[PDB]
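Novice: Input input20.cif, format and content: mmCIF, N, CA, C and O atoms.
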data_coords
loop_
_atom_site.label_atom_id
_atom_site.label_comp_id
_atom_site.auth_asym_id
_atom_site.auth_seq_id
_atom_site.Cartn_x
_atom_site.Cartn_y
_atom_site.Cartn_z
N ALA A 51 0.82 -1.20 0.00
CA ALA A 51 0.00 0.00 0.00
C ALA A 51 0.86 1.26 0.00
O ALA A 51 0.57 2.21 -0.73
N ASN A 52 1.92 1.27 0.81
CA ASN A 52 2.82 2.42 0.83
C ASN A 52 3.49 2.60 -0.53
O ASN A 52 3.62 3.73 -1.03
N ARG A 53 3.94 1.50 -1.14
CA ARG A 53 4.56 1.58 -2.45
C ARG A 53 3.59 2.12 -3.49
O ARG A 53 3.95 2.96 -4.32
N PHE A 54 2.34 1.65 -3.46
CA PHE A 54 1.33 2.14 -4.39
C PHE A 54 1.05 3.62 -4.19
O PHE A 54 0.92 4.37 -5.16
N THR A 55 0.95 4.06 -2.93
CA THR A 55 0.71 5.47 -2.66
C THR A 55 1.84 6.33 -3.20
O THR A 55 1.61 7.36 -3.85
N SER A 56 3.09 5.92 -2.93
CA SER A 56 4.23 6.69 -3.42
C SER A 56 4.26 6.72 -4.95
O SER A 56 4.49 7.78 -5.55
N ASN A 57 4.00 5.58 -5.59
CA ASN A 57 3.99 5.54 -7.05
C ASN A 57 2.91 6.44 -7.62
O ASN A 57 3.15 7.18 -8.58
N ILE A 58 1.72 6.42 -7.02
CA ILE A 58 0.62 7.25 -7.50
C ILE A 58 0.96 8.72 -7.37
O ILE A 58 0.75 9.51 -8.30
N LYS A 59 1.48 9.13 -6.20
CA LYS A 59 1.83 10.53 -6.01
C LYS A 59 2.92 10.96 -6.99
O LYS A 59 2.92 12.10 -7.47
N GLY A 60 3.85 10.06 -7.31
CA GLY A 60 4.86 10.38 -8.31
C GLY A 60 4.26 10.68 -9.67
O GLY A 60 4.65 11.64 -10.34
N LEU A 61 3.29 9.86 -10.11
CA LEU A 61 2.66 10.10 -11.40
C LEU A 61 1.86 11.40 -11.39
O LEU A 61 1.86 12.15 -12.37
N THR A 62 1.17 11.68 -10.28
CA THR A 62 0.46 12.95 -10.17
C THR A 62 1.42 14.12 -10.27
O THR A 62 1.12 15.13 -10.93
N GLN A 63 2.58 14.02 -9.63
CA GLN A 63 3.58 15.08 -9.73
C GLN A 63 4.07 15.23 -11.17
O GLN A 63 4.30 16.35 -11.64
N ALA A 64 4.24 14.11 -11.87
CA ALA A 64 4.76 14.18 -13.24
C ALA A 64 3.74 14.78 -14.20
O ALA A 64 4.12 15.41 -15.20
N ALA A 65 2.45 14.60 -13.91
CA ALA A 65 1.41 15.11 -14.80
C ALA A 65 1.50 16.62 -14.96
O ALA A 65 1.45 17.15 -16.08
N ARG A 66 1.65 17.35 -13.85
CA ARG A 66 1.71 18.80 -13.94
C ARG A 66 3.04 19.28 -14.51
O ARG A 66 3.11 20.36 -15.10
N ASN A 67 4.11 18.49 -14.34
CA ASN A 67 5.35 18.80 -15.05
C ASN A 67 5.13 18.74 -16.56
O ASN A 67 5.58 19.61 -17.31
N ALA A 68 4.40 17.71 -17.01
CA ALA A 68 4.06 17.62 -18.43
C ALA A 68 3.22 18.81 -18.87
O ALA A 68 3.41 19.35 -19.97
N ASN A 69 2.27 19.22 -18.03
CA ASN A 69 1.46 20.39 -18.37
C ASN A 69 2.31 21.66 -18.44
O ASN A 69 2.07 22.53 -19.28
N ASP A 70 3.29 21.79 -17.55
CA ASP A 70 4.21 22.92 -17.65
C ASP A 70 4.96 22.89 -18.97
O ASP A 70 5.15 23.93 -19.62
N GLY A 71 5.38 21.70 -19.40
CA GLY A 71 6.03 21.58 -20.69
C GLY A 71 5.14 22.01 -21.84
O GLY A 71 5.59 22.71 -22.76
N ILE A 72 3.87 21.60 -21.81
CA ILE A 72 2.98 22.00 -22.90
C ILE A 72 2.76 23.51 -22.88
O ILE A 72 2.62 24.15 -23.92
N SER A 73 2.73 24.11 -21.68
CA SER A 73 2.62 25.56 -21.59
C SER A 73 3.82 26.25 -22.23
O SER A 73 3.66 27.23 -22.97
N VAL A 74 5.02 25.75 -21.94
CA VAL A 74 6.22 26.28 -22.59
C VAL A 74 6.09 26.18 -24.10
O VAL A 74 6.42 27.11 -24.84
N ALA A 75 5.62 25.02 -24.58
CA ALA A 75 5.50 24.80 -26.01
C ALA A 75 4.53 25.79 -26.65
O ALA A 75 4.80 26.34 -27.72
N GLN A 76 3.38 26.01 -26.00
CA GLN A 76 2.40 26.96 -26.54
C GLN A 76 2.96 28.37 -26.58
O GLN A 76 2.75 29.10 -27.56
N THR A 77 3.66 28.79 -25.52
CA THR A 77 4.23 30.13 -25.52
C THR A 77 5.25 30.30 -26.64
O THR A 77 5.25 31.30 -27.36
N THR A 78 6.13 29.30 -26.80
CA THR A 78 7.12 29.37 -27.87
C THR A 78 6.46 29.38 -29.24
O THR A 78 6.90 30.09 -30.15
N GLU A 79 5.39 28.59 -29.41
CA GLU A 79 4.68 28.58 -30.69
C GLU A 79 4.05 29.93 -30.98
O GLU A 79 4.06 30.39 -32.13
N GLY A 80 3.47 30.57 -29.97
CA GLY A 80 2.92 31.90 -30.18
C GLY A 80 3.98 32.90 -30.60
O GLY A 80 3.78 33.69 -31.53
N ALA A 81 5.14 32.87 -29.94
CA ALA A 81 6.23 33.76 -30.33
C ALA A 81 6.69 33.48 -31.76
O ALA A 81 6.94 34.40 -32.54
N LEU A 82 6.81 32.19 -32.11
CA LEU A 82 7.24 31.83 -33.46
C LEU A 82 6.24 32.29 -34.51
O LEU A 82 6.63 32.75 -35.58
N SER A 83 4.94 32.17 -34.22
CA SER A 83 3.93 32.65 -35.16
C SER A 83 3.99 34.16 -35.31
O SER A 83 3.84 34.69 -36.42
N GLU A 84 4.22 34.88 -34.21
CA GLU A 84 4.37 36.33 -34.30
C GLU A 84 5.56 36.70 -35.17
O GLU A 84 5.49 37.64 -35.97
N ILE A 85 6.67 35.97 -35.03
CA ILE A 85 7.83 36.20 -35.90
C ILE A 85 7.48 35.88 -37.35
O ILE A 85 7.88 36.60 -38.28
N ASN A 86 6.75 34.78 -37.56
CA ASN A 86 6.36 34.37 -38.91
C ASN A 86 5.54 35.46 -39.59
O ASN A 86 5.65 35.65 -40.81
N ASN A 87 4.73 36.19 -38.82
CA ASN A 87 3.97 37.29 -39.40
C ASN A 87 4.89 38.33 -40.03
O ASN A 87 4.69 38.76 -41.17
N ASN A 88 5.93 38.74 -39.29
CA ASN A 88 6.87 39.72 -39.82
C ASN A 88 7.63 39.17 -41.01
O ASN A 88 7.90 39.89 -41.98
N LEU A 89 8.00 37.88 -40.96
CA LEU A 89 8.67 37.27 -42.10
C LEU A 89 7.79 37.29 -43.35
O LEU A 89 8.27 37.60 -44.45
N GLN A 90 6.50 36.97 -43.20
CA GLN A 90 5.59 37.02 -44.33
C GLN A 90 5.45 38.44 -44.87
O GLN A 90 5.43 38.64 -46.09
N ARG A 91 5.35 39.43 -43.99
CA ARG A 91 5.23 40.81 -44.46
C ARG A 91 6.47 41.24 -45.23
O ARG A 91 6.37 41.89 -46.28
N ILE A 92 7.66 40.88 -44.72
CA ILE A 92 8.90 41.23 -45.41
C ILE A 92 8.96 40.54 -46.77
O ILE A 92 9.35 41.14 -47.78
N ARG A 93 8.59 39.25 -46.81
CA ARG A 93 8.51 38.53 -48.07
C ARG A 93 7.55 39.22 -49.03
O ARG A 93 7.76 39.21 -50.25
N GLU A 94 6.49 39.83 -48.50
CA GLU A 94 5.55 40.57 -49.34
C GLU A 94 6.22 41.78 -49.97
O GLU A 94 6.30 41.88 -51.20
N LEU A 95 6.70 42.72 -49.15
CA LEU A 95 7.13 43.98 -49.74
C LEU A 95 8.52 43.90 -50.36
O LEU A 95 8.95 44.86 -51.02
N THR A 96 9.24 42.79 -50.17
CA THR A 96 10.47 42.61 -50.92
C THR A 96 10.19 42.53 -52.42
O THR A 96 10.98 43.00 -53.24
N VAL A 97 9.05 41.95 -52.79
CA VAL A 97 8.63 41.93 -54.19
C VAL A 97 8.41 43.35 -54.69
O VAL A 97 8.80 43.70 -55.81
N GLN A 98 7.76 44.19 -53.88
CA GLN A 98 7.56 45.58 -54.26
C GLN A 98 8.89 46.30 -54.45
O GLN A 98 9.06 47.06 -55.41
N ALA A 99 9.84 46.07 -53.54
CA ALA A 99 11.15 46.70 -53.67
C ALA A 99 11.90 46.17 -54.89
O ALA A 99 12.75 46.87 -55.46
N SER A 100 11.61 44.93 -55.29
CA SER A 100 12.34 44.31 -56.39
C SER A 100 12.09 45.03 -57.71
O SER A 100 13.03 45.25 -58.49
N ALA B 51 -0.02 26.02 -45.70
CA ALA B 51 -0.82 27.24 -45.69
C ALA B 51 0.06 28.48 -45.66
O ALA B 51 -0.24 29.48 -46.32
N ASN B 52 1.16 28.43 -44.90
CA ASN B 52 2.07 29.57 -44.86
C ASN B 52 2.68 29.82 -46.24
O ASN B 52 2.78 30.98 -46.68
N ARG B 53 3.09 28.76 -46.93
CA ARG B 53 3.63 28.91 -48.27
C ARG B 53 2.58 29.47 -49.22
O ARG B 53 2.88 30.32 -50.07
N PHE B 54 1.33 28.99 -49.11
CA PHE B 54 0.26 29.53 -49.93
C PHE B 54 0.07 31.03 -49.69
O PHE B 54 -0.05 31.80 -50.65
N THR B 55 0.03 31.45 -48.43
CA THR B 55 -0.15 32.87 -48.13
C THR B 55 1.00 33.70 -48.69
O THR B 55 0.77 34.76 -49.29
N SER B 56 2.23 33.23 -48.50
CA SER B 56 3.38 33.94 -49.05
C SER B 56 3.27 34.08 -50.56
O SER B 56 3.47 35.18 -51.11
N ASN B 57 2.93 32.99 -51.24
CA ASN B 57 2.81 33.03 -52.70
C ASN B 57 1.71 33.99 -53.13
O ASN B 57 1.89 34.76 -54.08
N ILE B 58 0.57 33.98 -52.43
CA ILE B 58 -0.55 34.83 -52.82
C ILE B 58 -0.18 36.30 -52.66
O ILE B 58 -0.44 37.12 -53.56
N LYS B 59 0.41 36.67 -51.52
CA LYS B 59 0.79 38.07 -51.33
C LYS B 59 1.83 38.50 -52.36
O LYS B 59 1.74 39.59 -52.93
N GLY B 60 2.83 37.64 -52.61
CA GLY B 60 3.82 37.96 -53.62
C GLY B 60 3.21 38.18 -54.99
O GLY B 60 3.57 39.12 -55.70
N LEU B 61 2.25 37.33 -55.36
CA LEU B 61 1.66 37.44 -56.69
C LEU B 61 0.76 38.67 -56.80
O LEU B 61 0.70 39.30 -57.86
N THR B 62 0.06 39.02 -55.73
CA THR B 62 -0.74 40.25 -55.75
C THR B 62 0.15 41.48 -55.92
O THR B 62 -0.13 42.37 -56.73
N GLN B 63 1.25 41.54 -55.16
CA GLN B 63 2.16 42.66 -55.32
C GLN B 63 2.80 42.65 -56.70
O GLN B 63 3.08 43.71 -57.28
N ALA B 64 3.02 41.46 -57.26
CA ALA B 64 3.53 41.36 -58.62
C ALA B 64 2.54 41.93 -59.63
O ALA B 64 2.94 42.59 -60.59
N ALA B 65 1.25 41.66 -59.43
CA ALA B 65 0.23 42.24 -60.30
C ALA B 65 0.23 43.76 -60.21
O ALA B 65 0.11 44.45 -61.23
N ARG B 66 0.38 44.29 -58.99
CA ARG B 66 0.46 45.74 -58.85
C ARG B 66 1.69 46.30 -59.57
O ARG B 66 1.63 47.36 -60.20
N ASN B 67 2.82 45.59 -59.48
CA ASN B 67 4.02 46.02 -60.18
C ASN B 67 3.82 46.01 -61.69
O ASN B 67 4.29 46.90 -62.41
N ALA B 68 3.12 44.98 -62.20
CA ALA B 68 2.82 44.93 -63.62
C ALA B 68 1.93 46.09 -64.04
O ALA B 68 2.08 46.63 -65.14
N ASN B 69 0.99 46.48 -63.18
CA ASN B 69 0.18 47.66 -63.46
C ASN B 69 1.04 48.92 -63.50
O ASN B 69 0.82 49.80 -64.34
N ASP B 70 2.01 49.02 -62.60
CA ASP B 70 2.94 50.15 -62.67
C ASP B 70 3.68 50.16 -64.00
O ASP B 70 3.82 51.22 -64.64
N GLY B 71 4.14 49.00 -64.45
CA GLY B 71 4.85 48.92 -65.72
C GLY B 71 3.97 49.31 -66.90
O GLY B 71 4.42 50.02 -67.81
N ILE B 72 2.72 48.86 -66.90
CA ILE B 72 1.83 49.21 -68.00
C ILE B 72 1.56 50.71 -68.01
O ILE B 72 1.51 51.34 -69.08
N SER B 73 1.43 51.32 -66.82
CA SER B 73 1.27 52.77 -66.76
C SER B 73 2.48 53.49 -67.34
O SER B 73 2.33 54.47 -68.09
N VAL B 74 3.69 53.02 -67.01
CA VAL B 74 4.89 53.59 -67.60
C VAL B 74 4.84 53.48 -69.12
O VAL B 74 5.22 54.41 -69.85
N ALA B 75 4.38 52.33 -69.62
CA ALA B 75 4.31 52.11 -71.06
C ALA B 75 3.37 53.11 -71.73
O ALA B 75 3.72 53.70 -72.77
N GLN B 76 2.18 53.30 -71.17
CA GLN B 76 1.26 54.27 -71.78
C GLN B 76 1.82 55.69 -71.70
O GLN B 76 1.62 56.48 -72.63
N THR B 77 2.51 56.04 -70.61
CA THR B 77 3.10 57.37 -70.54
C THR B 77 4.14 57.59 -71.64
O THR B 77 4.15 58.63 -72.32
N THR B 78 5.02 56.60 -71.83
CA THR B 78 6.04 56.72 -72.87
C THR B 78 5.40 56.81 -74.25
O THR B 78 5.83 57.62 -75.09
N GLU B 79 4.38 55.99 -74.51
CA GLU B 79 3.70 56.05 -75.80
C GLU B 79 3.02 57.41 -76.00
O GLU B 79 3.02 57.95 -77.11
N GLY B 80 2.46 57.97 -74.93
CA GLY B 80 1.88 59.30 -75.02
C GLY B 80 2.90 60.34 -75.45
O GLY B 80 2.63 61.14 -76.34
N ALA B 81 4.08 60.32 -74.84
CA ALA B 81 5.12 61.27 -75.26
C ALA B 81 5.54 61.03 -76.71
O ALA B 81 5.73 61.99 -77.49
N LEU B 82 5.67 59.76 -77.10
CA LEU B 82 6.00 59.44 -78.48
C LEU B 82 4.95 59.99 -79.44
O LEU B 82 5.27 60.30 -80.59
N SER B 83 3.70 60.11 -78.99
CA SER B 83 2.67 60.67 -79.85
C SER B 83 2.97 62.12 -80.22
O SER B 83 2.90 62.50 -81.40
N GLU B 84 3.31 62.96 -79.23
CA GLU B 84 3.64 64.35 -79.55
C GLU B 84 4.90 64.43 -80.40
O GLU B 84 5.01 65.30 -81.26
N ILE B 85 5.86 63.53 -80.17
CA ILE B 85 7.05 63.54 -81.03
C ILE B 85 6.67 63.22 -82.47
O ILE B 85 7.10 63.91 -83.41
N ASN B 86 5.83 62.20 -82.66
CA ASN B 86 5.43 61.79 -84.00
C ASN B 86 4.66 62.89 -84.71
O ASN B 86 4.82 63.09 -85.92
N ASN B 87 3.82 63.62 -83.98
CA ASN B 87 3.07 64.72 -84.59
C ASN B 87 4.02 65.75 -85.19
O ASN B 87 3.85 66.17 -86.34
N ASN B 88 5.03 66.17 -84.42
CA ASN B 88 5.97 67.16 -84.91
C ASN B 88 6.76 66.64 -86.11
O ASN B 88 6.95 67.37 -87.10
N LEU B 89 7.23 65.39 -86.04
CA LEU B 89 7.99 64.86 -87.17
C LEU B 89 7.13 64.78 -88.44
O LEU B 89 7.60 65.13 -89.53
N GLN B 90 5.88 64.34 -88.31
CA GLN B 90 5.01 64.25 -89.48
C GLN B 90 4.72 65.63 -90.06
O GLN B 90 4.71 65.81 -91.28
N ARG B 91 4.48 66.62 -89.19
CA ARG B 91 4.25 67.98 -89.68
C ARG B 91 5.47 68.51 -90.42
O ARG B 91 5.34 69.14 -91.48
N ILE B 92 6.67 68.27 -89.87
CA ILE B 92 7.89 68.71 -90.54
C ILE B 92 8.02 68.05 -91.90
O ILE B 92 8.35 68.71 -92.90
N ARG B 93 7.77 66.74 -91.97
CA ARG B 93 7.91 66.02 -93.23
C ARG B 93 6.93 66.56 -94.27
O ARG B 93 7.28 66.73 -95.44
N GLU B 94 5.69 66.83 -93.86
CA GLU B 94 4.71 67.36 -94.81
C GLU B 94 5.08 68.76 -95.28
O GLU B 94 4.97 69.06 -96.47
N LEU B 95 5.53 69.63 -94.37
CA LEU B 95 5.76 71.01 -94.77
C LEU B 95 7.12 71.20 -95.45
O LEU B 95 7.37 72.28 -96.01
N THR B 96 8.00 70.20 -95.40
CA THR B 96 9.27 70.31 -96.10
C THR B 96 9.07 70.49 -97.60
O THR B 96 9.82 71.21 -98.26
N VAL B 97 8.03 69.85 -98.15
CA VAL B 97 7.79 69.91 -99.59
C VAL B 97 7.53 71.34 -100.04
O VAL B 97 7.95 71.75 -101.13
N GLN B 98 6.85 72.13 -99.20
CA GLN B 98 6.58 73.52 -99.55
C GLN B 98 7.87 74.30 -99.73
O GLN B 98 8.00 75.09 -100.67
N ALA B 99 8.84 74.10 -98.83
CA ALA B 99 10.13 74.75 -98.99
C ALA B 99 10.89 74.18 -100.18
O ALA B 99 11.70 74.88 -100.80
N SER B 100 10.65 72.91 -100.51
CA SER B 100 11.36 72.29 -101.62
C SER B 100 10.98 72.93 -102.96
O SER B 100 11.75 72.84 -103.92
#
I need this file expressed as structure tokens, please.
Specialist:
Amino acid sequence: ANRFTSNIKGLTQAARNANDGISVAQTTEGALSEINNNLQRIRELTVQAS
Amino acid sequence: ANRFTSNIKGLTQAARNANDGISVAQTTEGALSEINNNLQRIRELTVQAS
């Protein structure tokens, strides 16, 4: 019973670590998309400058 | 989708550039019209002096 309790609490602890990881991933993806917007705009008006 | 958006914006700006070029072409042809008028008038009136 003690072993099962410790194992269960370990998995519960790991779950929120995984959620923290997904939060990091979403934040990085948002930043990357914001950068992609500027890249697309530059790709746009580079044709105009050409 | 990102590649599609980039291509679409580039092609739209390309169409605008082509419109700029066609406008330049009509302007040059317009000037050539006044040049042609003077040359034709000179050619016709040369015979009178001849």
Novice: Onto chain B, please fit chain A by least squares using all C-alpha atoms in order, then return the transformed chain as a short mmCIF file (atom, residue, chain, number, x, y, z; two decimals) with N, CA, C and O atoms, in the frame of the given file.
Specialist:
data_model
loop_
_atom_site.label_atom_id
_atom_site.label_comp_id
_atom_site.auth_asym_id
_atom_site.auth_seq_id
_atom_site.Cartn_x
_atom_site.Cartn_y
_atom_site.Cartn_z
N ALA A 51 -0.21 26.01 -45.44
CA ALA A 51 -1.05 27.19 -45.45
C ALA A 51 -0.21 28.47 -45.43
O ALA A 51 -0.51 29.42 -46.16
N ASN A 52 0.84 28.49 -44.60
CA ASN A 52 1.72 29.65 -44.56
C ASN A 52 2.40 29.85 -45.91
O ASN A 52 2.52 30.99 -46.40
N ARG A 53 2.88 28.76 -46.52
CA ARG A 53 3.52 28.86 -47.82
C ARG A 53 2.56 29.39 -48.87
O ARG A 53 2.92 30.24 -49.69
N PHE A 54 1.32 28.90 -48.86
CA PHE A 54 0.31 29.38 -49.81
C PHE A 54 0.01 30.85 -49.60
O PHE A 54 -0.12 31.61 -50.57
N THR A 55 -0.12 31.28 -48.34
CA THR A 55 -0.39 32.69 -48.07
C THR A 55 0.74 33.57 -48.59
O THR A 55 0.50 34.60 -49.24
N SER A 56 1.99 33.18 -48.30
CA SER A 56 3.12 33.97 -48.77
C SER A 56 3.18 34.01 -50.30
O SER A 56 3.40 35.08 -50.89
N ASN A 57 2.95 32.87 -50.95
CA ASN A 57 2.96 32.84 -52.41
C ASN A 57 1.87 33.72 -52.99
O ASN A 57 2.12 34.47 -53.94
N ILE A 58 0.67 33.68 -52.41
CA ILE A 58 -0.43 34.49 -52.90
C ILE A 58 -0.12 35.97 -52.76
O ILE A 58 -0.33 36.76 -53.69
N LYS A 59 0.38 36.38 -51.58
CA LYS A 59 0.70 37.79 -51.37
C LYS A 59 1.80 38.24 -52.34
O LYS A 59 1.79 39.38 -52.81
N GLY A 60 2.75 37.36 -52.64
CA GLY A 60 3.77 37.70 -53.63
C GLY A 60 3.19 38.00 -54.99
O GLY A 60 3.57 38.97 -55.65
N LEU A 61 2.24 37.16 -55.45
CA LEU A 61 1.62 37.40 -56.75
C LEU A 61 0.80 38.69 -56.75
O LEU A 61 0.80 39.44 -57.73
N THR A 62 0.09 38.95 -55.65
CA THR A 62 -0.64 40.21 -55.54
C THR A 62 0.30 41.39 -55.62
O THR A 62 -0.01 42.40 -56.28
N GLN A 63 1.45 41.31 -54.96
CA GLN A 63 2.43 42.38 -55.04
C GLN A 63 2.94 42.55 -56.47
O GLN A 63 3.16 43.68 -56.93
N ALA A 64 3.14 41.44 -57.18
CA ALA A 64 3.68 41.52 -58.54
C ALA A 64 2.67 42.11 -59.51
O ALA A 64 3.06 42.75 -60.50
N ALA A 65 1.38 41.91 -59.24
CA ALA A 65 0.34 42.41 -60.15
C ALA A 65 0.41 43.92 -60.30
O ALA A 65 0.37 44.45 -61.41
N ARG A 66 0.53 44.64 -59.18
CA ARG A 66 0.57 46.10 -59.26
C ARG A 66 1.90 46.60 -59.81
O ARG A 66 1.96 47.69 -60.39
N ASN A 67 2.98 45.83 -59.63
CA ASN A 67 4.23 46.16 -60.31
C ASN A 67 4.03 46.11 -61.83
O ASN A 67 4.48 46.99 -62.57
N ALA A 68 3.33 45.07 -62.29
CA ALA A 68 3.01 44.98 -63.72
C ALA A 68 2.16 46.16 -64.17
O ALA A 68 2.36 46.71 -65.26
N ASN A 69 1.19 46.55 -63.34
CA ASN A 69 0.36 47.71 -63.69
C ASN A 69 1.19 48.99 -63.74
O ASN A 69 0.95 49.86 -64.58
N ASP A 70 2.16 49.13 -62.83
CA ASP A 70 3.06 50.28 -62.91
C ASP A 70 3.83 50.27 -64.22
O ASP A 70 4.01 51.31 -64.86
N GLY A 71 4.28 49.09 -64.65
CA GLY A 71 4.95 48.98 -65.93
C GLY A 71 4.07 49.41 -67.09
O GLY A 71 4.52 50.12 -68.00
N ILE A 72 2.81 48.97 -67.08
CA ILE A 72 1.93 49.37 -68.18
C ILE A 72 1.68 50.87 -68.16
O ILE A 72 1.55 51.52 -69.20
N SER A 73 1.62 51.46 -66.96
CA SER A 73 1.49 52.91 -66.86
C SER A 73 2.69 53.63 -67.48
O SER A 73 2.52 54.61 -68.22
N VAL A 74 3.89 53.14 -67.17
CA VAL A 74 5.09 53.70 -67.80
C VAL A 74 4.99 53.60 -69.31
O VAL A 74 5.31 54.54 -70.04
N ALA A 75 4.54 52.44 -69.81
CA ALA A 75 4.45 52.22 -71.24
C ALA A 75 3.48 53.20 -71.89
O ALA A 75 3.75 53.76 -72.95
N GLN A 76 2.31 53.40 -71.26
CA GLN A 76 1.32 54.34 -71.81
C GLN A 76 1.86 55.75 -71.83
O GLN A 76 1.66 56.49 -72.81
N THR A 77 2.54 56.18 -70.76
CA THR A 77 3.09 57.53 -70.74
C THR A 77 4.12 57.72 -71.84
O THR A 77 4.12 58.73 -72.56
N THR A 78 5.02 56.74 -71.99
CA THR A 78 6.02 56.83 -73.05
C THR A 78 5.39 56.84 -74.43
O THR A 78 5.83 57.56 -75.33
N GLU A 79 4.33 56.03 -74.62
CA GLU A 79 3.64 56.02 -75.91
C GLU A 79 3.00 57.36 -76.20
O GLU A 79 3.02 57.82 -77.35
N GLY A 80 2.39 57.98 -75.20
CA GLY A 80 1.82 59.30 -75.41
C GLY A 80 2.87 60.32 -75.81
O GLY A 80 2.67 61.12 -76.74
N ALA A 81 4.02 60.31 -75.13
CA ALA A 81 5.10 61.22 -75.50
C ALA A 81 5.59 60.95 -76.92
O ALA A 81 5.84 61.88 -77.69
N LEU A 82 5.74 59.67 -77.28
CA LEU A 82 6.19 59.32 -78.62
C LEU A 82 5.20 59.77 -79.69
O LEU A 82 5.60 60.24 -80.75
N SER A 83 3.90 59.63 -79.42
CA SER A 83 2.90 60.10 -80.37
C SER A 83 2.93 61.61 -80.51
O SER A 83 2.79 62.14 -81.62
N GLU A 84 3.13 62.33 -79.40
CA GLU A 84 3.26 63.78 -79.48
C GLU A 84 4.46 64.17 -80.33
O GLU A 84 4.39 65.12 -81.13
N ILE A 85 5.58 63.46 -80.18
CA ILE A 85 6.75 63.72 -81.03
C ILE A 85 6.43 63.40 -82.49
O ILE A 85 6.83 64.13 -83.41
N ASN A 86 5.72 62.29 -82.71
CA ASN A 86 5.36 61.88 -84.07
C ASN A 86 4.53 62.96 -84.76
O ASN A 86 4.66 63.16 -85.98
N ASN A 87 3.70 63.67 -84.00
CA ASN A 87 2.93 64.76 -84.58
C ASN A 87 3.84 65.82 -85.19
O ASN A 87 3.65 66.25 -86.34
N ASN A 88 4.86 66.24 -84.44
CA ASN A 88 5.79 67.24 -84.95
C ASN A 88 6.58 66.71 -86.13
O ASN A 88 6.85 67.44 -87.09
N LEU A 89 6.97 65.43 -86.08
CA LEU A 89 7.67 64.83 -87.21
C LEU A 89 6.81 64.85 -88.47
O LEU A 89 7.30 65.17 -89.56
N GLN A 90 5.52 64.50 -88.35
CA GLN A 90 4.63 64.55 -89.49
C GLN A 90 4.47 65.97 -90.02
O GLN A 90 4.47 66.17 -91.24
N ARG A 91 4.34 66.95 -89.14
CA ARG A 91 4.21 68.33 -89.61
C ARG A 91 5.45 68.78 -90.35
O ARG A 91 5.36 69.44 -91.40
N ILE A 92 6.64 68.44 -89.83
CA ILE A 92 7.89 68.81 -90.49
C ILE A 92 7.98 68.13 -91.86
O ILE A 92 8.38 68.75 -92.86
N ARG A 93 7.63 66.84 -91.91
CA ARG A 93 7.58 66.12 -93.17
C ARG A 93 6.63 66.80 -94.15
O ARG A 93 6.86 66.80 -95.36
N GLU A 94 5.55 67.39 -93.63
CA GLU A 94 4.61 68.12 -94.48
C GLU A 94 5.27 69.35 -95.09
O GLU A 94 5.37 69.45 -96.32
N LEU A 95 5.72 70.29 -94.26
CA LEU A 95 6.14 71.56 -94.84
C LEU A 95 7.54 71.51 -95.44
O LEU A 95 7.97 72.48 -96.08
N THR A 96 8.28 70.41 -95.24
CA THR A 96 9.52 70.25 -95.97
C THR A 96 9.27 70.17 -97.48
O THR A 96 10.06 70.66 -98.28
N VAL A 97 8.14 69.58 -97.87
CA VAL A 97 7.74 69.56 -99.27
C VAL A 97 7.51 70.98 -99.77
O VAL A 97 7.91 71.34 -100.88
N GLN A 98 6.83 71.80 -98.97
CA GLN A 98 6.62 73.19 -99.34
C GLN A 98 7.94 73.93 -99.51
O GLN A 98 8.11 74.70 -100.46
N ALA A 99 8.88 73.71 -98.58
CA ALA A 99 10.18 74.37 -98.69
C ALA A 99 10.95 73.86 -99.90
O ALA A 99 11.80 74.57 -100.45
N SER A 100 10.69 72.61 -100.31
CA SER A 100 11.45 72.01 -101.40
C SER A 100 11.21 72.74 -102.72
O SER A 100 12.16 72.97 -103.49
#
Novice: Quick one: contact table of chain B to chain A, 7 Å max, nearest atom pair and distance in Å to one decimal per residue, counting all atoms listed in the file, chain and number order, as a Markdown table?
Specialist:
| residue | atom | partner | partner_atom | distance |
| --- | --- | --- | --- | --- |
| B:55 | O | A:90 | O | 6.9 |
| B:56 | CA | A:90 | O | 5.9 |
| B:59 | C | A:94 | CA | 5.2 |
| B:60 | N | A:94 | CA | 5.2 |
| B:63 | O | A:98 | CA | 5.7 |
| B:64 | N | A:97 | C | 6.3 |
| B:67 | CA | A:97 | O | 6.9 |
Novice: Rounded to one decimal in Å, what is the spacing between atom C of residue A:65 and atom N of residue A:85?
Specialist: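 Separation between atom C of residue A:65 and atom N of residue A:85: 28.4 Å.
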Novice: Atom N of residue A:71 and atom CA of residue A:58 are how many Å apart?
Specialist: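 Going from atom N of residue A:71 over to atom CA of residue A:58 covers 19.3 Å.
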Novice: Take atom C of residue B:57 and atom N of residue A:84 and report the distance between them in Å, one decimal.
Specialist: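 If I compute the distance from atom C of residue B:57 to atom N of residue A:84, I get 19.1 Å.
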